[PDB]
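Okay, so here's the structure we're looking at.
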Amino acid sequence: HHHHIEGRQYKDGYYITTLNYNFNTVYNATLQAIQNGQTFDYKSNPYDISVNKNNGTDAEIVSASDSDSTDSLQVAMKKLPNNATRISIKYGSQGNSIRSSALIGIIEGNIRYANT
């Protein structure tokens with residue numbers, strides 16, 4: 001349905017990569033990183049989640065800062081075969097490649113060391 005890609009992508013503010021972890025484990029690890037503030041807004045506060053949904057194949061998380069509605073974090077996830085996960089991260093309206101790469105590392109650490 002979508003063009004073939006390999007490795008990391010960054011376009012129009014969306015940071016996209018593939019994680020070789022189980023789909024539901026990536027979802028839970030990402031919720032954990034947001035809710036407990038492993039990633040945080042400009043004022044050191046956790047982002048406030050307005051919606052998170054998961055049906056086992058597609059999932060999404062939408063969140064934003066309580067003190068700046070433009071300081072937002074949106075995550076989308078898709079299940080791949082062989083326990084792989086395609087993930088898309090966007091910080092703000094313009095994106096932030098560095099913060100997205102950091103969030104990937106936080107998610108991986110949460111899975112590998114059972115902080116979920």
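Naming scheme: A, B, ... for chains in displayed order of the structure tokens; residues 1 onward per chain; ligands 1 onward as shown.
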Which residues, written as number ranges by chain, have at least one atom at most 7 Å from residue A:17, with only C-alpha atoms counted and residues fewer than 3 positions away on the same chain left out?
-> A: 7-9, 86-88
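With only C-alpha atoms taken into account, the protein and nucleic acid residues at most 12 Å from residue A:54 (excluding it and anything under 6 positions from it in its own chain) are residues 23, 24, 25, 26, 27, 28, 31, 60, 61, 75, 76, 77, 78 and 79 of chain A.
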Mind checking which residues fall within 12 Å of residue A:102, counting only C-alpha atoms, ignoring those fewer than 4 positions away in the same chain, and posting them as a list in words?
-> residues 15, 33, 38, 39, 40, 89, 91, 96, 97, 98, 106, 107, 108 and 109 of chain A
Just asking: which residues within chain A are alpha helix (DSSP H) according to DSSP, as a count of residues only?
-> 29
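Residues with any atom within 9 Å of residue A:46, counting only C-alpha atoms and excluding same-chain neighbours fewer than 6 positions away, are residues 34, 35, 36, 37, 38, 39, 40, 64, 65 and 66 of chain A.
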Could you write out the selected residues, including C-alpha atoms, as a JSON list (two decimals), in the first residue's frame?
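again09.json, freshly written:
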[["chain", "number", "residue", "atom", "x", "y", "z"],
["A", 34, "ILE", "CA", 5.10, 9.95, 27.84],
["A", 35, "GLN", "CA", 3.08, 9.42, 31.01],
["A", 36, "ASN", "CA", 6.06, 9.37, 33.39],
["A", 37, "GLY", "CA", 7.92, 12.18, 31.63],
["A", 38, "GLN", "CA", 10.95, 10.42, 30.19],
["A", 39, "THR", "CA", 10.26, 12.96, 27.46],
["A", 40, "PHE", "CA", 9.00, 16.32, 28.70],
["A", 64, "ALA", "CA", 0.50, 18.27, 24.05],
["A", 65, "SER", "CA", 1.90, 20.54, 26.74],
["A", 66, "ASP", "CA", -0.46, 22.07, 29.29]]
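Distance annotation: of A:16, A:32, A:58, A:21, the residue with the minimal separation from residue A:115 is A:32; atom set is only C-alpha atoms.
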Residues of chain A in strand (DSSP E), written as a PDB file with C-alpha atoms, in the first residue's frame:
ATOM      1  CA  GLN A   9      13.120   8.807   7.142  1.00  0.00           C
ATOM      2  CA  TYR A  10      12.318  12.427   7.980  1.00  0.00           C
ATOM      3  CA  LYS A  11       9.849  14.396   5.874  1.00  0.00           C
ATOM      4  CA  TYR A  14       7.540  13.169  10.556  1.00  0.00           C
ATOM      5  CA  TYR A  15      10.392  10.963  11.792  1.00  0.00           C
ATOM      6  CA  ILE A  16       9.777   7.411  10.574  1.00  0.00           C
ATOM      7  CA  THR A  17      11.724   4.228  11.266  1.00  0.00           C
ATOM      8  CA  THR A  18      11.254   0.502  11.851  1.00  0.00           C
ATOM      9  CA  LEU A  19      11.674  -1.178  15.241  1.00  0.00           C
ATOM     10  CA  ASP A  48      -0.800  15.519  28.471  1.00  0.00           C
ATOM     11  CA  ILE A  49      -2.281  12.686  26.398  1.00  0.00           C
ATOM     12  CA  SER A  50      -5.629  13.509  24.787  1.00  0.00           C
ATOM     13  CA  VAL A  51      -6.089  10.240  22.870  1.00  0.00           C
ATOM     14  CA  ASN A  52      -4.368   6.876  22.685  1.00  0.00           C
ATOM     15  CA  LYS A  53      -5.820   3.965  20.717  1.00  0.00           C
ATOM     16  CA  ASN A  54      -4.600   0.507  19.742  1.00  0.00           C
ATOM     17  CA  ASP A  58      -2.661   0.248  14.144  1.00  0.00           C
ATOM     18  CA  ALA A  59      -2.196   2.612  17.083  1.00  0.00           C
ATOM     19  CA  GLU A  60      -1.874   6.323  17.768  1.00  0.00           C
ATOM     20  CA  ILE A  61      -1.005   8.648  20.649  1.00  0.00           C
ATOM     21  CA  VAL A  62      -1.747  12.389  20.643  1.00  0.00           C
ATOM     22  CA  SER A  63      -0.415  14.653  23.392  1.00  0.00           C
ATOM     23  CA  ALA A  64       0.499  18.269  24.046  1.00  0.00           C
ATOM     24  CA  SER A  65       1.895  20.537  26.739  1.00  0.00           C
ATOM     25  CA  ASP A  68       1.834  25.632  25.241  1.00  0.00           C
ATOM     26  CA  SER A  69      -0.661  24.112  22.813  1.00  0.00           C
ATOM     27  CA  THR A  70       1.944  24.193  20.015  1.00  0.00           C
ATOM     28  CA  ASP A  71       4.366  22.016  22.041  1.00  0.00           C
ATOM     29  CA  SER A  72       2.843  18.763  20.847  1.00  0.00           C
ATOM     30  CA  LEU A  73       3.880  15.140  20.414  1.00  0.00           C
ATOM     31  CA  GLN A  74       2.063  12.767  18.063  1.00  0.00           C
ATOM     32  CA  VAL A  75       3.002   9.122  17.541  1.00  0.00           C
ATOM     33  CA  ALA A  76       1.608   6.588  15.070  1.00  0.00           C
ATOM     34  CA  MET A  77       2.412   2.878  14.882  1.00  0.00           C
ATOM     35  CA  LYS A  78       1.771   0.069  12.395  1.00  0.00           C
ATOM     36  CA  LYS A  79       2.304  -3.667  12.855  1.00  0.00           C
ATOM     37  CA  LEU A  80       4.736  -5.327  10.430  1.00  0.00           C
ATOM     38  CA  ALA A  84       8.344  -5.584  13.516  1.00  0.00           C
ATOM     39  CA  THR A  85       6.857  -2.141  14.096  1.00  0.00           C
ATOM     40  CA  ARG A  86       6.798   0.923  11.846  1.00  0.00           C
ATOM     41  CA  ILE A  87       6.691   4.101  13.931  1.00  0.00           C
ATOM     42  CA  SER A  88       6.134   7.767  13.071  1.00  0.00           C
ATOM     43  CA  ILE A  89       6.955  10.581  15.511  1.00  0.00           C
ATOM     44  CA  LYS A  90       6.259  14.302  15.142  1.00  0.00           C
ATOM     45  CA  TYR A  91       7.175  16.996  17.668  1.00  0.00           C
TER      46      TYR A  91
END
